[PDB]
């Protein structure tokens, strides 16, 4: 087995700047046939890896000219000439000189943009939900940057802990923002217990916390 190690597992990057990712193999990758079979791939959420570079430095058809690759022996590097919005994602090196084929652990590129405060929305449970077992209240934080954000649930003016879960998108390819959902899940009877449901949002882009609320009914 040839171990492939990448660095740096995360990279913050200013648009228009160049970026470099390294990959080290535990074994020289020169093949009997004279080629060195080290490839670079880019993966976006929910999609297969897409090959950018093959044989250390050959560009795949239709790959933007700002991607390039270099290296030899056990040391290789991917380069972006001028990063654009669409370059966010996870980048993998892989080798095909030896079976088993092996891959690095991946390096995630994040592109720093102008701070953007979240648009906050609260969704009362559809009437449908009450006559199930549980009831889900959703608070949405849309199109913000950076990723760090805080969401507090208040039920009739009192903080509520232990019944909320968060989920966050990856950095968007087009506007480079994040979005986040916080879902408060209560029992049928509990959701009846209270009147007012609020989510309070804190973020570097918000001069004061933003609260969205609704009255049950």
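Positions refer to the first chain, counted from 1.
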| property | result |
| --- | --- |
| Stretch exceeding the other in mean C-alpha B-factor - 185 to 193, 161 to 169 | 185 to 193 |
| Of 171 to 179 and 28 to 36, the one with larger mean CA B-factor | 171 to 179 |
| Out of 129, 102, 77, 97, residue topping the C-alpha B-factor column of the entry | 129 |
| Candidate residues 49, 46, 69, 64, the one whose C-alpha B factor the record puts highest | 64 |
| Third of chain Cα B-factors occupied by residue 53 | lowest |
| Ranked against its chain, the third holding the CA B-factor of residue 135 | middle |
| Where the record places residue 141 (Cα B-factor, split into thirds across the chain) | lowest |
| Residue 155 - which third its CA temperature factor falls in, relative to the rest of the chain | highest |
| Chain thirds of CA B-factor: placement of residue 93 | lowest |
